[PDB]
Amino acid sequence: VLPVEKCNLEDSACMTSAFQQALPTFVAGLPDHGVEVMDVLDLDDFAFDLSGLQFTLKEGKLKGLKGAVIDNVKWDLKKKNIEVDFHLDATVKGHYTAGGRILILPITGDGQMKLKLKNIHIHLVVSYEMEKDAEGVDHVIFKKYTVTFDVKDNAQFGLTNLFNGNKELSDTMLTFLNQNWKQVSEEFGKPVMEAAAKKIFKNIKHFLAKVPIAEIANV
């Protein structure tokens, strides 16, 4: 199904390489297997209300996951956790709305978004159980995850139709977001990441649940 060389789980050099070879095929999607495309990833509609900003995103897209570099995969067979560190550049797009304020500036907006995130580092931890199925085939079954993020290099904000078309105000806001990009990544990044992470997690869990572990590991 997926092109992956078989590792011992505690050989982290190997696992980091296997994840790296699998990832692009995987994120392309596996229609017949019930695995959605994850680059470009369709994010489900969401909203958030945080630190004075009422935000929504519709027709959400996350681009970039097909080019992620896996930094390390640490498998702890004792605790039955997997730690996966990786980084990428990502673009988040869609029909956004904004009201309230961002930090010290009031905002209104109803238009299109293009967020370009450069060298975002992600720290994923998954909990899993090994589970034999009804016909006796052992599977890795994902149970929970945590994900943290750190945008190290830069984040760029493209927001159309801010301030009902007023250039002056839109220009001031856009300059403002790019100058304080880090702060803004830390204030509002979590709900965005979570929109992607829950969908990505669903599909990995679905996939691993159905593919025998012996097909993708030395167990």
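When you see a residue number, it is the position in the sequence shown, counting from 1.
A.B. asks: Return whichever of 28-36 and 156-164 has the greater mean Cα B factor according to the PDB record.
C.D. replies: Comparing averages over the C-alpha atoms only gives 28-36.
A.B. asks: Which is higher on mean Cα B factor in this entry, 5-13 or 197-205?
C.D. replies: Per the PDB entry, the higher value belongs to 5-13.
A.B. asks: So among 81, 119, 91, 148, who wins on Cα B-factor in the entry?
C.D. replies: 81 has the highest C-alpha B-factor of those listed.
A.B. asks: Going by the recorded CA B-factors, say which third of the chain residue 74 sits in, lowest, middle or highest.
C.D. replies: Within its chain, residue 74 is a highest-third residue by C-alpha B-factor, going by the deposited values.
A.B. asks: Once the chain's modelled residues are ordered by C-alpha B factor and cut into thirds, is residue 101 in the lowest, middle or highest one?
C.D. replies: Lowest third - that is where residue 101 ends up once the chain's C-alpha B-factors are sorted.
A.B. asks: Going by what the PDB entry lists, where does residue 126 fall on CA B-factor within its chain: lowest, middle or highest third?
C.D. replies: Middle third of the chain for residue 126's C-alpha B-factor.
A.B. asks: Comparing residue 135 with the other modelled residues of its chain, is its CA B-factor in the lowest, middle or highest third?
C.D. replies: Highest third, going by the recorded CA B-factors of the chain.
A.B. asks: For residue 107, does the deposited CA B-factor place it in the lowest, middle or highest third of the chain?
C.D. replies: Within its chain, residue 107 is a lowest-third residue by C-alpha B-factor, going by the deposited values.
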